[PDB]
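In: this one's structure only:
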C-alpha cells in the first residue's frame, strides 16, 4: 500500500518506464480478443474468367403487357382549350388545368410575341451566368408584389420547384411532418433530403398533435441533440389527390406552440382561392408572414411553364445558391416569362373571375350529386375534384377499366374527361382510381348541366 | 555525428526511452500500409432464412444409365473352380486367380475345418488386444521362414495391406518415384500419404534416371532440406495391368547410386515365380536384403483372405503401431490363417508345380499368337495376361461392347473368360479395355488348345 | 477499341511555385474570414444580412452558420462577376445592364447606362441558332399564334399533342435510333429517367466529373454508386471486374444490372470521352451504357450527330442516349433516344410523363425548324456551313492561345476552352479586366473545382467571325501579360 | 425431435487433485524419458532396438526419432498389457498364453504354462455367438466342405456367388431398408465407400469422436471436413447454418452436398447418439446422414435392430446405414444398407467391388445362420433370450459399479462401461492386478484419449451369467480399494 508506493517512488526512472510499458502491454493483451486466424487466400485468373462468364445481366427494360391503360396517349389535333379536338372527335374540355382561360387571351399571345421578337426562344445559359434577362427580374418582382411578400424565386420547370426547395432547407438528421395525401413532387423532394419523415392522417390535427408530443418526449430525452434538429411541416393548400382544403389556423397555432416551421404548396390554390386569388391564406385571412415558404407553379392558373417560391429574403436567398434546379439548369425562356407577367396583369385588373369560378364550381359540385355508382370526393370550392367508385370491385385493374369505359362513352358524346394517373409502384399512399373533373371560367352554364347529365347517364348505363 | 552521439549520451535516461518509443512508433507507422476501412456489417435473420431456403442439395447418387457393362454381375452356382457353373452354363474356369489349385485340396479344407472346430469363425477383436491367436503368430513365423527374412506382418484384408504400409513410412514432404502402371491399391496408398509423387514410364530406367538426376539438382539447390527428405521407389514384381516383369537389378543399382529405398509388390509374383516360388527376387537371384519391404496378398496363390508384408524387423516393427488397417480393425479369422499355413506346407513340399505352371503359361502364350483383331500384351512367364484390340475403334464403350460380345460367345461354348474392370474416373493411367486370360496348374493340355481355338474362332467371327 | 484518327489531349500540370502561392492566398483569406466572423459576432461591425423575425427567435436556427463561411468571406468579395443581367439576344454580341455596389457587393444598385457590343463567350451557342430574326423565329411565332404559350396538363392525360409526336419522330430520325422521347427540362430528364431504369440491387458506375443532374438521378434510385477516375479506362476495368466477381457488398449475390453513366464533352475540362474503349468494355462485360450528349449533340461531328458520329461508331451500340436542346438548337428541353421497347417503357413508367407538364408548342416548333435546318431538309447549305465554321473557329482559337504560352485543358476538338488562372484573386481580376475590355467570360473558383485549379471557360460559337476572334485573342494576350497568366513551360 | 423414453447420460468431471497428480506423473515421465534418450544417444547405455544395415548408413534416416518418444519411454514400460495372445474361443472364459520378459518388456519369451478360465471382458461379444459348437458352426463347416476357404476374384468379374446374393437380401430384410451390399472388411467399407459418395466441392460434418475408418474415408475424398463437438446439437446447428449461409470458403458457391457422419454407440465413451435431434436437423436443413451401427446393430434394440429400433424411429430416415458383423454376429465383414438406387450406384462405382476380393463362403454362412437365429426364423426363443439377457447384465453391472463409488461414462443402456483411472501408472497397475485375479480388461492411455482421462473399458456380453458378473464386481471393488480408484463425490 503506502509502503509499496514509497518503494516505487524510490526506484529509478527507466525501470519504472519499462514496467509501465509492460502494464500497457498487458492491458492491450487482455482486451485483444480478436482471434485472428492468420490466413490469406486469393482467386485464380481462370476462376475469375468463369465467374465473369456465369454472370448474366437482366434486360434493361422488363417486357410490357401491351394492355396498359396508359399505353394509348390521347392525341389532341390542335391547342388544348375550350371546344378541343381529341382523338379526331369534337369535344368540350373538362380535363385541362386551365382555370382562368388565360391560355388563349389575345393579350397574353401579344405579350409573348412581343418578347419573342426581342429575345428569341432560348436563354442559352444558367441564371448563374449570362442567363438572367430583365424579364426574369421583372417577373420575380411582380410575383413578390402580387403576394404581398418580400422576395420570390422562379424555376424553369414546375415539378423541380418544390423538389429543389425542400432539400435546400431539410438535411440529414431533421424531422419532417408531411401529410399522407401529398403530391409526388413533395414526395421526391422529401426523398432527396435524407431527413426523417413522419406521416400523419389527411387533414387530421389529432395525429399531428400526437406526433408532435412524441417528438417533445424525444426532445426531453436528449436536450443537446434536440437543440440542433429543425422541424418542418409540409402541407398543400388544395390537395390534388383529394381536392380538399387544409386547416391553416390550427397549423399556425401548432407551429407557434411546438416550434416547427411551415412549408406550404399552392399549385391549385394560387389562382383560384381568395378574393384577389392569392391562395388558401387569403381565403382564411391568415397573415402571410406566418408561413415560411410558399411554393407554386405557373402551369395551372397562369398557363405558362415554370414555377416559383415566395417568402422573406432570409429564406428565399438561400435557394439561389442551394437550389439544384436553379443552379444547374438553364433559365426560363423570356417568352413564358412575358406571358406570365401579362397573365398577372390581367389577374390584377379584374378580380371577379375568381368569384365566377367559385360560382361554377359550386353549381357543378351540387349538380353531380345523386349518381348510384359514382361518389364525388372533393370540396365545393376546388375547381378540380374526383369521381370514384362507391362500391369498388375486387381489383384495381377492373376499376380503371370501368372508369375508362365511362370516359370513352363520355368522349363519344362530346364530353372530354380524363382519369387520374399515378405510378403504382412508386406512390407512397396510392389513391383509388378516379375520374377527374376540372371547372373553368370559360364553361357556360348549359355546358355544365349537359356534362352532368351525360356523366350521370353514362354512369347508370355502365355500372348497372 | 560523433558530437551528436556524445550529446545523446549526455542526455537523461527517461527522455531517451521516450524518444526510442517514438522511433518505434514511426517505424511501425511507415510499414503499416494496411488501409483498414473501419466498417462492420452483418446479415439479418430473414436474409439467413431466405438463403437457407434458396439452397438446394444435389441428389446423393447420380442417376445410372442402366446400360452399364458392370451392372450385370456374373452369378456362380457353386464354388469358383475348375469346371465351374456360371450363369447356368457349364464352363471351364479361365478367370479366377487360382494359380496353384490349392482352393479345393482336401488337405487345406481339412486344416481349415480342424481350426474351425477349435476357435470358431470370428476373432471378435483387434490384434492390439484379445484378438491375437497362436495361429496368427504361427502363420507370421511361417511366412518369415518361407521368404528367408526376419519378420512378417499379416493383415486381414488384401487391399488394405499396401494401402496401409505405404502411408506408414512416406509422410508429407517426401519424394516417391512410382511406376505409371501401378495397381489401384498402390495409388490409394500413395494418395493417403501426402508425399510428392513422380511417375516414370513403364519399365523404363531412362525416365527414372532423369527424374533422379533432377532430384539430385534440387538436392544441390538446398542441402539442408535435402538432408531431411526420404526417397522411395515403389514397383511391382509382376504388373497386373500389363502382365510384364520388372527390371530388378537395375533398380537395385539405381537405389545404391541415388540413395532411395525400394518398396516391392509381389501379388502375382509371390507364388508363381522362382524355383521355389518366392517372387521376382528368386527369379533374378537378387539378394532378399536389397529390398526394404515386400508386400503380397494371400488371395491369389494361397487361396485365402488377407495379405502380408515381409522385411527386416527394423522396417516391419513400425507397421504394428502405425499401420491403420492393422491397428484399427479385427484380425484375420483363424480358419483362413490355418488354410494359409497348410497351403504354405504344400507349396514347400513340392516345388515342381511352379515348373509345370511355367510350362503351361509358355504353351498358351505361344498358341494364342496369330489372331487378326487380338494382340496378346504380356509376357511368357506370367499366369495372367491380356488380349487387346489391335485396331481400336473410336470410343472405349464400343471396344468394351465388342470384347463383351467375344466373352459371351466364348461362355456359350464352355470357356469362362472375364474382362478387366477399372474405375474410369479414378484410375490415374486408365489402361485400354482387354480380355483377361489366367492359367492354372489344373488346366490340362487339351483344354488349353481348345480355349485357344475357341477364342481364335470367336475373335475372327466377331471382328470381321 | 481503336481510333480512326488520333486522340490527343493535354492536361499540363501546375507549377510548384504557383501552388505555393495559391495556398498562401487561401490561408490569408481563411484567417481574415475568421477575424471577419469574430467582428460580426461580437456586434462590433454591423451585419448586412437579414435576420429571423422576432417571433421565431426561440425556434431552432434555420441555417448552420459554418456552412455559409465561404459565401460571406470568399464568394461575396467577387460576387459581381456571375449574375450579370443581359437585355438582348445572346448572340456573338450581347448587351449587359451595368451595375454598381457601394457596400462591397452585398447589395447591387443598377445605373441607367447599358453596355453594348460585349463579345459573348459565356453563352452556350455552338451553331449560332440564338437569333431574334430568321425562319425558326417565324415558325415559332406562327405556332405561338395558333397553339399558345404552354400546355396545361401532362402527357398521359390530355397534354399530348401532335407537335410532340412529330418532334419525337424527327429526333428519332436525326439520331438514327429507332425511337425517342422528349421532355421539357434537361435536368428533369436525368433526374426522372435514371430512377426508372435502375433500382435497389443494381450498380451504377459514374465518372468522376459527372453533372449534378446525373448524380441526383443516381441518388434518387436505390442502386449502389461507384465512382471511377476521369477517362481512366484501367479504373473502369478494375471496378467492372470487382463488381462482377465479388457481387453485392453484404451478401454475395450477382448484380441485377450494371449501368455506366458517361458524357460526350465535359464542359469544365473540355475532354471528349474515350467512347470506343468504353463501348468495348461494355460489350465485353455485358454492361449498359447511358450517354449524355448535352454538349456534343450539335458541336461535334462532321454533320452534328454527336460523339457517335465524331468517332464514327454505331448508335445502336449505346443503350440510352440522353440529350439537351438548350446548347446547340437554341431552345429549352431534353430527350432520350433508344430502342422501341425502351421508349415504350419510359412512356409508361417515367415520372415526367405521369406527373409533369409537357413542352411548350413554340419551343418544339423552334427545335423542329433548327433540326430540319441542320439536316439540310430546307435545301440550303446553311447546315454544313455552321458545323465547319465551328471547327475552324475552335482549332484557330486553341492553336493561337496555346502558342501564346497559356495552359489549356481538354482535347483539341472540343469547342470549350478552359484557361487556368490558378489563384483566388486572379479570378476576380480576370473577370473585371475582361469586362473592362468588352469581353464576357465565366470564371470558376475553389469549391466547384479542385483547390489548385481555378479556371475561366470560353465557349466558342459558329457566330464568331475571324475579326471577333482576333480582337478577343489580342485582349486575352494583353490581360495575360498584365496578370502574368502564362504558366506554360512548353511554349 | 422428442424422446419416447428418458435419455440420461452422466459424464462426471475430474477432481482437481487427481488432475494435479496426473500432471505430476506425466512430467516425471517426460524428464526421465529425456534422460533415458540422452544416455542411449551417448552410448552409455546399450540400445536394444534394431539398426539400419551398414550399407544404408549414408541413406537418409527412415524414422524421425522424436516421433517414437512415447513408444520407448511411456508405451514400452507397460507394453505387456495389450498384445496378449489367446488359445481358445473368445467366450465368457478365455485361455491366455502367459508370457514373461526380463529385459523390461522390450522382448517377451513364452513360458510353457497357460492360464485358464480368465473372465473375458475385452472381446466384443454382445450376444454370445462366439462359440466353437452350435448350429452356426455346423452350417459353416458344411459350406467350407462345399465351397472352400475363400474366393479368388472380385465381385464384378467372377467372384460373385449365390451365397453373397442371399446374404445381401437377408441383410436388407433384417435392417428394413430396400437393399444392402456386403463387404469383407468393416474398415474397408468406410474407407472405400465414403470417397464414392462425396467428392471435391462437398462438405462433411464429422463428430469429435469418429472412428479412424470414417476419418480415413473422409480424407480420401476431396470434400471439406468440419468437426463438431461430441453430441452437441447446438454446435451441429451452428456449423450447418454457417455452411449453408456462407457457402464455399474461397469463392462463395453453394455446397454440392452436406454429409453428416455419426455412429450409434461410441466404444470408448459409451454414449449413444442423439438420433432424433440429428434426424430433425437433417430434414430441416436438407442434409444427408451416414450412420455407423458397428456397435449398436446387435447390442441395442428390443429385437436387436440398432439405434433406429432402440429409439423407435423409421429406417428410411437414415440415408446410409453402415454396419459391421464382427462385434455381435461373430464373423468378420461389413455392410451398407439403403435405397435401391444407392446400392446400385455402390455396386457399380465402389472401390471394394471393382478391385477387392469378396467375402469367404463360411463367413457369410455363419452370418446368415446367426442373423436367422436372431430374427426367430429357426423357430426357437434363443433370439430374444440373448437380447434381454444383455440388457439385464448391462443394467446390473452399471448400477452396482456406480453404487460402489467409481466414475463411469456414457448412457445407462450402452453395454460398454468405461471406468476412469486418471493416472499413467494406474493403467499398468490396474491391468496387472486384474490379470492376477483372472480378469481380462482393456486399458487406454494418453495419446489416444485426452491427457487427464485414461480409462479401462468393460465390454459386456449375454454369455456372462450372474455368478461371473458377481465375481468380476467383487474383484473390481477389491482392486478399487487397493488403488483408490473411487473418485466419485456423488456416491
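Out: Great, that's in hand. Numbers count the residues shown, from 1 in each chain, chains lettered A, B, ... in the order given.
In: How many residues are close by the residue in the stretch 301-450 of chain A positioned nearest to chain B?
Out: For the stretch 301-450 of chain A, the residue positioned closest to chain B under CB to the nearest CB is residue A:425, at a distance of 21.4 Å. Every residue, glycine included, has its C-beta placed from N, CA and C. Residue A:425 has 8 neighbouring residues, counting by other CB atoms under 10 Å in any protein chain shown.
In: same thing with residue C:171?
Out: 23.
In: ok, the residue of the stretch 351-491 of chain C found nearest chain B to residue C:229 distance?
Out: Nearest to chain B in the stretch 351-491 of chain C, going by CB to the nearest CB, is residue C:450, at a distance of 22.2 Å. According to CB to CB, to the nearest Å, residue C:450 stands 13 Å off from residue C:229.
In: Look at those two and report which has more neighbours.
Out: Set residue C:450 next to residue C:229 and count neighbours by other CB under 10 Å: residue C:229 wins out with 14 against 8.
In: From chain A, how far off is the closest residue in space to that one that isn't next to it in sequence?
Out: Excluding the flanking residues, the one nearest residue C:229 by CB to CB, 6 or more residues apart in numbering or on different chains is residue C:235, at 4.4 Å. From residue C:235 across to chain A, the span is 17 Å (CB to the nearest CB, to the nearest Å).
In: Show me what the helix or strand residue C:235 falls within is packed against.
Out: Secondary structure assignment for residue C:235, by DSSP states H and E: helix C:233-246. Identification of packing neighbours for helix C:233-246 by 3 or more CB pairs under 8 Å, 6 or more residues apart in numbering or on different chains; DSSP states H and E yields helix A:45-54, strand C:203-206, strand C:258-263, helix C:275-285.
In: let's see it at 7 Å
Out: helix A:45-54, strand C:203-206, helix C:275-285 (3 or more CB pairs under 7 Å, 6 or more residues apart in numbering or on different chains; DSSP states H and E).
In: helix, strand or coil for the closest residue to residue A:464 other than its chain neighbours?
Out: Residue nearest to residue A:464 in three dimensions, not counting chain neighbours: residue A:372, with 7.3 Å by CB to CB, 6+ apart. The three-state assignment at residue A:372 reads coil, by DSSP: H, G, I helix; E, B strand; the rest coil.
In: buried ones in stretch A:152-166?
Out: A:152-166 (16 or more other CB atoms under 10 Å in any protein chain shown).
In: quick check, nearest of these to residue C:148?
Out: Nearest to residue C:148 among the buried residues of stretch A:152-166, counting by CB to CB, is residue A:158 at 16.4 Å.
In: check contacts around the closest one.
Out: Residues in contact with residue A:158, defined by CB atoms under 7 Å, 6 or more residues apart in numbering or on different chains, are A:297, A:299, A:306, A:307, C:356, C:357.
In: Kindly report the same for residue C:307.
Out: C:264, C:272, C:273, C:275, C:293, C:296, C:300.
In: any chance of those residues in TSV, with distance to residue A:353 too?
Out: Below are these laid out as TSV (distance: CB to CB, whole Å):
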residue	distance to residue A:353
C:264	48
C:272	54
C:273	53
C:275	55
C:293	45
C:296	48
C:300	51
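In: Please narrow these to those residing in helices.
Out: Using DSSP state H to define helices, the subset of the contacts of residue C:307 located there is residue C:275.
In: filter the contacts of residue C:307 to the buried ones?
Out: Buried members of those, counted by 16+ other CB under 10 Å: C:264, C:272, C:273, C:275, C:293, C:296, C:300.
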